[PDB]
>>> print(open('start10.csv').read())   # CSV, C-alpha atoms and all ligand atoms
chain,number,residue,atom,x,y,z
A,1,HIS,CA,250.1,-38.8,-108.4
A,2,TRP,CA,250.7,-40.9,-105.2
A,3,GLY,CA,248.3,-40.4,-102.2
A,4,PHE,CA,246.3,-42.3,-99.6
A,5,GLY,CA,243.4,-43.3,-101.8
A,6,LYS,CA,242.3,-46.8,-102.8
A,7,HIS,CA,244.0,-46.4,-106.2
A,8,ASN,CA,247.1,-44.3,-105.3
A,9,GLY,CA,247.8,-45.4,-101.7
A,10,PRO,CA,250.8,-47.1,-100.1
A,11,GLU,CA,250.1,-50.4,-102.0
A,12,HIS,CA,250.6,-48.6,-105.3
A,13,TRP,CA,253.7,-46.5,-104.5
A,14,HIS,CA,256.2,-49.2,-105.6
A,15,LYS,CA,255.2,-48.6,-109.2
A,16,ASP,CA,256.6,-45.1,-109.2
A,17,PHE,CA,259.1,-45.7,-106.4
A,18,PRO,CA,260.5,-49.2,-106.7
A,19,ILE,CA,262.5,-48.7,-103.5
A,20,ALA,CA,259.2,-49.2,-101.7
A,21,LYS,CA,260.0,-52.9,-101.8
A,22,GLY,CA,263.6,-52.3,-100.6
A,23,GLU,CA,265.7,-53.7,-97.8
A,24,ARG,CA,265.3,-50.9,-95.3
A,25,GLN,CA,261.8,-49.6,-95.5
A,26,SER,CA,259.8,-47.8,-92.8
A,27,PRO,CA,257.7,-47.9,-90.7
A,28,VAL,CA,258.0,-51.2,-88.9
A,29,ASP,CA,256.4,-53.1,-86.1
A,30,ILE,CA,258.6,-53.0,-83.0
A,31,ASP,CA,258.5,-56.4,-81.2
A,32,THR,CA,259.4,-55.4,-77.6
A,33,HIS,CA,260.6,-58.8,-76.7
A,34,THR,CA,263.0,-59.1,-79.6
A,35,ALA,CA,264.3,-55.6,-79.5
A,36,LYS,CA,267.8,-56.0,-78.1
A,37,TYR,CA,268.7,-53.7,-75.2
A,38,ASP,CA,272.1,-52.1,-75.9
A,39,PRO,CA,273.4,-50.6,-72.6
A,40,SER,CA,276.1,-48.8,-74.5
A,41,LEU,CA,273.6,-46.7,-76.5
A,42,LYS,CA,273.9,-43.1,-75.2
A,43,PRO,CA,271.2,-40.7,-74.1
A,44,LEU,CA,269.5,-38.6,-76.9
A,45,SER,CA,270.5,-35.0,-77.0
A,46,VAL,CA,267.6,-32.8,-78.1
A,47,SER,CA,268.4,-29.2,-78.2
A,48,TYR,CA,265.4,-27.2,-79.3
A,49,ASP,CA,265.9,-24.0,-77.3
A,50,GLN,CA,266.9,-22.1,-80.5
A,51,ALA,CA,264.5,-23.9,-82.9
A,52,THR,CA,262.9,-21.2,-85.0
A,53,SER,CA,259.6,-22.0,-86.5
A,54,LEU,CA,258.5,-20.3,-89.7
A,55,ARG,CA,255.2,-21.5,-91.2
A,56,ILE,CA,252.7,-24.3,-91.2
A,57,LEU,CA,251.4,-25.7,-94.5
A,58,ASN,CA,248.8,-28.1,-95.8
A,59,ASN,CA,250.7,-30.1,-98.4
A,60,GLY,CA,247.9,-32.3,-99.6
A,61,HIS,CA,248.7,-35.4,-97.6
A,62,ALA,CA,249.5,-33.9,-94.1
A,63,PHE,CA,250.4,-30.6,-92.5
A,64,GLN,CA,254.0,-29.6,-91.9
A,65,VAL,CA,255.7,-27.0,-89.6
A,66,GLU,CA,258.9,-25.7,-91.1
A,67,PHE,CA,261.9,-24.4,-89.2
A,68,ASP,CA,264.8,-22.1,-90.1
A,69,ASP,CA,267.4,-24.8,-90.3
A,70,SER,CA,270.3,-22.3,-90.5
A,71,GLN,CA,270.0,-22.1,-86.6
A,72,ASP,CA,272.9,-24.3,-85.8
A,73,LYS,CA,272.0,-24.9,-82.1
A,74,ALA,CA,268.6,-26.4,-83.0
A,75,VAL,CA,270.1,-29.9,-83.0
A,76,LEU,CA,269.5,-33.6,-82.5
A,77,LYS,CA,272.6,-35.6,-81.6
A,78,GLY,CA,273.7,-38.4,-79.3
A,79,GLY,CA,271.8,-41.6,-78.9
A,80,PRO,CA,272.8,-43.7,-81.9
A,81,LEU,CA,273.9,-40.8,-84.1
A,82,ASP,CA,277.3,-39.6,-85.3
A,83,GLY,CA,277.6,-35.9,-85.6
A,84,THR,CA,274.9,-33.3,-85.6
A,85,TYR,CA,271.5,-33.3,-87.2
A,86,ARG,CA,269.5,-30.0,-87.7
A,87,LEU,CA,265.7,-29.8,-87.3
A,88,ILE,CA,264.0,-28.9,-90.5
A,89,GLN,CA,260.3,-29.7,-90.0
A,90,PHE,CA,257.8,-31.8,-88.2
A,91,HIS,CA,254.6,-33.4,-89.2
A,92,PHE,CA,252.1,-36.0,-88.1
A,93,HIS,CA,250.3,-39.1,-89.3
A,94,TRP,CA,246.8,-40.0,-88.1
A,95,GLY,CA,243.7,-42.1,-88.6
A,96,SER,CA,240.1,-42.0,-89.4
A,97,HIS,CA,239.5,-42.9,-85.7
A,98,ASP,CA,241.5,-43.1,-82.5
A,99,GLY,CA,242.2,-46.8,-82.9
A,100,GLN,CA,244.7,-46.3,-85.7
A,101,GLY,CA,246.9,-43.7,-87.2
A,102,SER,CA,250.5,-44.4,-86.2
A,103,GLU,CA,253.0,-45.7,-88.6
A,104,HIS,CA,255.2,-47.6,-86.2
A,105,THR,CA,253.4,-50.2,-84.1
A,106,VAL,CA,254.5,-51.7,-80.8
A,107,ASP,CA,253.7,-55.3,-80.4
A,108,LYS,CA,251.3,-54.7,-83.3
A,109,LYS,CA,249.5,-51.9,-81.4
A,110,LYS,CA,248.5,-48.9,-83.4
A,111,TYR,CA,248.4,-45.4,-81.8
A,112,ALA,CA,246.0,-42.6,-82.7
A,113,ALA,CA,248.8,-40.6,-84.4
A,114,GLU,CA,252.5,-40.3,-84.7
A,115,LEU,CA,254.7,-37.2,-84.7
A,116,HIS,CA,257.8,-37.1,-86.8
A,117,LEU,CA,260.6,-34.5,-86.1
A,118,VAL,CA,262.8,-34.6,-89.2
A,119,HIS,CA,266.5,-33.7,-88.9
A,120,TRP,CA,269.3,-33.7,-91.5
A,121,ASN,CA,273.0,-34.5,-91.0
A,122,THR,CA,275.1,-31.3,-91.2
A,123,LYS,CA,278.0,-33.1,-92.7
A,124,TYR,CA,276.0,-33.1,-96.0
A,125,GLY,CA,275.4,-29.4,-96.1
A,126,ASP,CA,271.7,-29.4,-96.8
A,127,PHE,CA,268.6,-31.6,-96.7
A,128,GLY,CA,268.5,-32.4,-100.4
A,129,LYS,CA,272.1,-33.7,-100.3
A,130,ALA,CA,271.5,-35.5,-97.1
A,131,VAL,CA,268.6,-37.7,-98.3
A,132,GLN,CA,270.9,-39.3,-100.9
A,133,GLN,CA,273.0,-40.8,-98.1
A,134,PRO,CA,272.2,-43.8,-95.7
A,135,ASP,CA,273.0,-41.6,-92.7
A,136,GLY,CA,271.4,-38.5,-94.1
A,137,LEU,CA,268.5,-38.0,-91.8
A,138,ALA,CA,267.5,-38.7,-88.2
A,139,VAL,CA,263.8,-38.8,-87.5
A,140,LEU,CA,262.5,-38.7,-83.9
A,141,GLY,CA,259.1,-40.4,-83.8
A,142,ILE,CA,256.6,-39.9,-81.0
A,143,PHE,CA,253.3,-41.7,-80.5
A,144,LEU,CA,250.1,-39.9,-79.5
A,145,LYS,CA,247.4,-41.6,-77.5
A,146,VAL,CA,244.1,-40.1,-76.4
A,147,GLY,CA,243.7,-38.9,-72.8
A,148,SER,CA,244.7,-35.6,-71.2
A,149,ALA,CA,245.4,-32.7,-73.5
A,150,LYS,CA,248.9,-31.7,-74.4
A,151,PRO,CA,249.3,-28.0,-73.8
A,152,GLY,CA,252.2,-27.6,-76.2
A,153,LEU,CA,250.1,-29.0,-79.0
A,154,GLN,CA,247.3,-26.5,-78.7
A,155,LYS,CA,248.9,-23.8,-80.9
A,156,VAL,CA,249.2,-26.4,-83.7
A,157,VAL,CA,245.7,-27.7,-83.5
A,158,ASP,CA,244.1,-24.3,-83.3
A,159,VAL,CA,245.8,-23.1,-86.5
A,160,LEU,CA,244.5,-26.0,-88.6
A,161,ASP,CA,241.2,-24.3,-89.4
A,162,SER,CA,243.0,-21.6,-91.3
A,163,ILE,CA,244.9,-24.2,-93.5
A,164,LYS,CA,242.0,-26.6,-94.1
A,165,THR,CA,242.8,-27.1,-97.8
A,166,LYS,CA,245.8,-28.1,-99.9
A,167,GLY,CA,248.3,-25.3,-100.5
A,168,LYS,CA,247.0,-23.1,-97.6
A,169,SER,CA,249.8,-21.8,-95.4
A,170,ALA,CA,250.0,-19.6,-92.4
A,171,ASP,CA,252.8,-17.8,-90.5
A,172,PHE,CA,253.8,-20.0,-87.6
A,173,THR,CA,256.5,-18.3,-85.6
A,174,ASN,CA,257.5,-18.8,-82.0
A,175,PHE,CA,256.4,-22.4,-81.8
A,176,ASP,CA,258.5,-24.4,-79.3
A,177,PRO,CA,258.7,-28.1,-80.2
A,178,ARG,CA,259.9,-28.9,-76.7
A,179,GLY,CA,256.1,-28.8,-75.8
A,180,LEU,CA,255.6,-32.0,-77.8
A,181,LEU,CA,258.1,-34.2,-76.0
A,182,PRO,CA,257.2,-36.8,-73.4
A,183,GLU,CA,259.1,-37.0,-70.0
A,184,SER,CA,261.2,-39.9,-71.0
A,185,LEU,CA,263.6,-40.0,-73.9
A,186,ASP,CA,264.0,-43.8,-73.8
A,187,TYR,CA,263.8,-45.0,-77.4
A,188,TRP,CA,264.1,-47.8,-80.0
A,189,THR,CA,266.3,-47.3,-83.0
A,190,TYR,CA,266.8,-48.9,-86.4
A,191,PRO,CA,267.9,-47.9,-89.9
A,192,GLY,CA,265.0,-47.2,-92.3
A,193,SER,CA,263.4,-44.9,-94.7
A,194,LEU,CA,261.2,-42.0,-95.5
A,195,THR,CA,257.6,-43.1,-95.1
A,196,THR,CA,256.3,-41.0,-98.0
A,197,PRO,CA,257.6,-41.0,-101.5
A,198,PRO,CA,260.4,-40.9,-102.5
A,199,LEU,CA,260.8,-43.4,-99.7
A,200,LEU,CA,264.6,-43.0,-99.7
A,201,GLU,CA,266.6,-45.3,-97.3
A,202,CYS,CA,268.4,-42.5,-95.6
A,203,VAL,CA,267.0,-42.4,-92.0
A,204,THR,CA,268.2,-43.4,-88.6
A,205,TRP,CA,264.9,-43.9,-86.8
A,206,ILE,CA,264.6,-43.0,-83.2
A,207,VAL,CA,261.2,-43.9,-81.8
A,208,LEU,CA,260.4,-42.9,-78.2
A,209,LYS,CA,259.0,-45.6,-75.9
A,210,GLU,CA,256.7,-43.0,-74.2
A,211,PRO,CA,253.7,-41.6,-76.0
A,212,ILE,CA,252.4,-38.2,-75.4
A,213,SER,CA,248.8,-37.9,-74.3
A,214,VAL,CA,246.5,-35.6,-76.4
A,215,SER,CA,242.8,-34.9,-76.0
A,216,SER,CA,240.1,-36.4,-78.1
A,217,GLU,CA,239.3,-32.9,-79.3
A,218,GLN,CA,242.9,-32.2,-80.1
A,219,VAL,CA,243.3,-35.2,-82.5
A,220,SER,CA,239.8,-34.8,-83.9
A,221,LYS,CA,241.0,-31.3,-85.3
A,222,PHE,CA,243.6,-33.2,-87.3
A,223,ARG,CA,240.7,-35.0,-89.1
A,224,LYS,CA,238.9,-31.8,-90.1
A,225,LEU,CA,241.8,-31.0,-92.5
A,226,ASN,CA,241.1,-31.8,-96.2
A,227,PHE,CA,243.3,-33.5,-98.9
A,228,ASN,CA,241.8,-31.4,-101.6
A,229,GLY,CA,242.3,-27.8,-102.7
A,230,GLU,CA,239.7,-25.1,-102.2
A,231,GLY,CA,236.7,-25.3,-104.5
A,232,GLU,CA,237.2,-29.1,-105.1
A,233,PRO,CA,234.9,-31.6,-103.5
A,234,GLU,CA,235.6,-32.0,-99.8
A,235,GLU,CA,237.9,-35.0,-99.0
A,236,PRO,CA,238.7,-35.1,-95.2
A,237,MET,CA,242.4,-35.8,-94.5
A,238,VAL,CA,242.5,-39.0,-92.5
A,239,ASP,CA,244.5,-42.3,-92.6
A,240,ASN,CA,247.6,-40.7,-93.9
A,241,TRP,CA,249.9,-43.4,-92.5
A,242,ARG,CA,251.9,-46.0,-94.2
A,243,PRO,CA,251.6,-49.4,-92.6
A,244,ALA,CA,254.4,-51.6,-91.2
A,245,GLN,CA,256.9,-52.8,-93.7
A,246,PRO,CA,259.0,-56.0,-93.8
A,247,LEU,CA,261.8,-55.9,-91.2
A,248,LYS,CA,264.0,-58.0,-93.5
A,249,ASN,CA,267.5,-58.3,-92.1
A,250,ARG,CA,267.6,-55.4,-89.6
A,251,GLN,CA,267.8,-55.3,-85.8
A,252,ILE,CA,265.8,-52.9,-83.7
A,253,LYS,CA,267.8,-51.9,-80.7
A,254,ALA,CA,266.5,-50.4,-77.4
A,255,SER,CA,268.1,-47.7,-75.2
A,256,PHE,CA,266.4,-49.2,-72.2
A,257,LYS,CA,265.2,-52.3,-70.4
F,301,CL,CL,241.3,-28.8,-78.8
F,302,ZN,ZN,256.3,-38.9,-91.2
>>> encode(input="start10.csv", output="structure tokens", more="lines below")
Ligand SMILES: [Cl-]
Ligand SMILES: [Zn+2]
Amino acid sequence: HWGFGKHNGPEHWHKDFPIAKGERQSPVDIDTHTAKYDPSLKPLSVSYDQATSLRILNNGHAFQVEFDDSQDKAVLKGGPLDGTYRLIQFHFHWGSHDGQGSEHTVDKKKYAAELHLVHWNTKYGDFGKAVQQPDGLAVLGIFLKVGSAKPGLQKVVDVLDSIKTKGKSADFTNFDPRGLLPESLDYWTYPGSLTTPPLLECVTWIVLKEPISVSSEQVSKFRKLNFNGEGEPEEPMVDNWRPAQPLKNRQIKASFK
């Protein structure tokens, strides 16, 4: 029942998901002057060489690329994390125009879109068990801003026409998510939550300081997706981002100065 409409959007989610008003909700605004640089925080370790993509799906609020998470070398570790996290999927959030769309903000600045690479902690055996624990998931977030085209994104954007409506899926093998990473792995990190229902507080967030550049045409293809199923009345898929939530009693740390 939840969505991004006026009557079922993020302001309403707390009615079915009371955790929406909890102590560790995401996304948040990152205040770059108050983020505390921790020089002990280690480098991220992103090993995607063996990442095995499967399919891409329009799920009615976004599109999602799924991975074979039995590949045990397809791993996020290091940085702020204990143990190993397996890549399961990635997806984006975007706006009705270039001037908004990201979920995290930086000094209140909104980016055109935000990529989320979602990984689960192998110590919990599978994703469903993981989301019930405070250290169950690690999500790597990457801002997109408009400029030069990102070559590694092109296979994703070109396939969207074939999954315009809810439920539509397409084989999506041999996609390398390394083509979506910026040069720098400098990041901010904090404990938070899923940003769609069920909004479980099970995520170590790792948000990269450096945005990737994508072309105007590239992000505009995102907005040609539709929330609706085929036959139903066209509802373009835009503004599928949850806004900043109260920081409450948490500290955002930075891996850099
Ligand atoms: Cl394009
Ligand atoms: Zn997300």
>>> residues_around(input="start10.csv", residues="residue A:142", least_positions_apart="6", cutoff="10 Å", atoms="all atoms listed in the file", output="PyMOL selection string")
chain A and resi 92+102+104+111+113-117+180-182+185+187+206-212
>>> residues_around(input="start10.csv", residues="residue A:163", least_positions_apart="3", cutoff="12 Å", atoms="only C-alpha atoms", output="ChimeraX atom specification")
/A:55-60,62-65,156-160,166-172,221-222,224-230,237
>>> residues_near_ligand(input="start10.csv", ligand="ligand CL 301 (chain F)", cutoff="9 Å", atoms="all atoms listed in the file", output="mmCIF file with C-alpha atoms, in the coordinates of the input")
data_model
loop_
_atom_site.group_PDB
_atom_site.id
_atom_site.type_symbol
_atom_site.label_atom_id
_atom_site.label_comp_id
_atom_site.auth_asym_id
_atom_site.auth_seq_id
_atom_site.Cartn_x
_atom_site.Cartn_y
_atom_site.Cartn_z
ATOM 1 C CA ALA A 149 245.400 -32.700 -73.500
ATOM 2 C CA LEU A 153 250.100 -29.000 -79.000
ATOM 3 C CA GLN A 154 247.300 -26.500 -78.700
ATOM 4 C CA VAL A 157 245.700 -27.700 -83.500
ATOM 5 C CA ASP A 158 244.100 -24.300 -83.300
ATOM 6 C CA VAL A 214 246.500 -35.600 -76.400
ATOM 7 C CA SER A 215 242.800 -34.900 -76.000
ATOM 8 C CA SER A 216 240.100 -36.400 -78.100
ATOM 9 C CA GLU A 217 239.300 -32.900 -79.300
ATOM 10 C CA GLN A 218 242.900 -32.200 -80.100
ATOM 11 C CA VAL A 219 243.300 -35.200 -82.500
ATOM 12 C CA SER A 220 239.800 -34.800 -83.900
ATOM 13 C CA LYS A 221 241.000 -31.300 -85.300
#
>>> residues_near_point(input="start10.csv", point="(266.0, -33.3, -93.3)", cutoff="9 Å", atoms="only C-alpha atoms", output="number ranges by chain")
A: 85-89, 118-121, 126-128, 130-131, 136-139
>>> closest_residue(input="start10.csv", among="A:42, A:242, A:250, A:164", to="residue A:11", atoms="only C-alpha atoms")
A:242
>>> closest_residue(input="start10.csv", among="A:40, A:162, A:26, A:148", to="ligand ZN 302 (chain F)", atoms="only C-alpha atoms and all ligand atoms")
A:26
>>> closest_residue(input="start10.csv", among="A:143, A:190, A:124, A:90", to="ligand ZN 302 (chain F)", atoms="only C-alpha atoms and all ligand atoms")
A:90
>>> atom_distance(input="start10.csv", atom1="atom CA of residue A:122", atom2="atom CA of residue A:72")
9.1 Å
>>> closest_residue(input="start10.csv", among="A:93, A:1, A:155, A:248", to="ligand ZN 302 (chain F)", atoms="all atoms listed in the file")
A:93
>>> closest_residue(input="start10.csv", among="A:202, A:194, A:112, A:254", to="residue A:30", atoms="all atoms listed in the file")
A:254
>>> atom_distance(input="start10.csv", atom1="atom CA of residue A:132", atom2="atom CA of residue A:176")
29.0 Å
>>> closest_residue(input="start10.csv", among="A:257, A:129, A:150, A:12", to="residue A:200", atoms="only C-alpha atoms")
A:129
>>> atom_distance(input="start10.csv", atom1="atom CA of residue A:2", atom2="atom CA of residue A:246")
20.7 Å
>>> axis_aligned_box(input="start10.csv", around="stretch 105-124 of chain A", padding_each_side="4 Å", output="lines of an AutoDock Vina configuration file")
center_x = 262.0
center_y = -43.3
center_z = -88.2
size_x = 40.0
size_y = 32.0
size_z = 23.6
>>> decode(input="start10.csv", residues="stretch 213-254 of chain A", atoms="C-alpha atoms", output="mmCIF file, in the first residue's frame")
data_model
loop_
_atom_site.group_PDB
_atom_site.id
_atom_site.type_symbol
_atom_site.label_atom_id
_atom_site.label_comp_id
_atom_site.auth_asym_id
_atom_site.auth_seq_id
_atom_site.Cartn_x
_atom_site.Cartn_y
_atom_site.Cartn_z
ATOM 1 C CA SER A 213 29.048 12.000 -13.201
ATOM 2 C CA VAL A 214 26.254 10.853 -15.493
ATOM 3 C CA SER A 215 24.801 12.523 -18.541
ATOM 4 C CA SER A 216 21.578 14.370 -18.702
ATOM 5 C CA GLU A 217 20.235 11.812 -21.136
ATOM 6 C CA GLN A 218 21.314 8.997 -18.897
ATOM 7 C CA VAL A 219 19.386 10.157 -15.840
ATOM 8 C CA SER A 220 16.407 11.271 -17.952
ATOM 9 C CA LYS A 221 15.967 7.616 -19.003
ATOM 10 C CA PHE A 222 15.336 6.798 -15.349
ATOM 11 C CA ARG A 223 12.298 9.127 -15.419
ATOM 12 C CA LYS A 224 10.709 7.353 -18.379
ATOM 13 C CA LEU A 225 10.054 4.331 -16.165
ATOM 14 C CA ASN A 226 6.470 4.026 -14.839
ATOM 15 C CA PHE A 227 5.153 3.134 -11.297
ATOM 16 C CA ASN A 228 2.134 1.448 -12.857
ATOM 17 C CA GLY A 229 1.569 -1.964 -14.420
ATOM 18 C CA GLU A 230 0.861 -2.284 -18.142
ATOM 19 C CA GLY A 231 -2.643 -1.296 -19.185
ATOM 20 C CA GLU A 232 -3.099 0.999 -16.196
ATOM 21 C CA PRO A 233 -2.924 4.779 -16.574
ATOM 22 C CA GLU A 234 0.639 6.042 -17.177
ATOM 23 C CA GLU A 235 2.350 7.284 -13.951
ATOM 24 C CA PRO A 236 5.992 8.206 -14.600
ATOM 25 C CA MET A 237 8.422 6.925 -11.966
ATOM 26 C CA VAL A 238 10.050 10.021 -10.442
ATOM 27 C CA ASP A 239 10.817 11.303 -6.943
ATOM 28 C CA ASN A 240 11.249 7.912 -5.360
ATOM 29 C CA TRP A 241 13.475 9.191 -2.600
ATOM 30 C CA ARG A 242 12.846 9.392 1.115
ATOM 31 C CA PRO A 243 13.940 12.719 2.545
ATOM 32 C CA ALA A 244 16.452 13.246 5.396
ATOM 33 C CA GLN A 245 15.404 11.899 8.740
ATOM 34 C CA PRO A 246 16.290 13.073 12.234
ATOM 35 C CA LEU A 247 19.873 12.369 13.159
ATOM 36 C CA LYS A 248 18.835 11.877 16.814
ATOM 37 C CA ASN A 249 21.762 10.638 18.905
ATOM 38 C CA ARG A 250 24.114 9.339 16.192
ATOM 39 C CA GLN A 251 27.534 10.470 14.980
ATOM 40 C CA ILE A 252 28.488 10.562 11.324
ATOM 41 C CA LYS A 253 32.184 9.672 10.934
ATOM 42 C CA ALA A 254 34.411 10.449 7.943
#
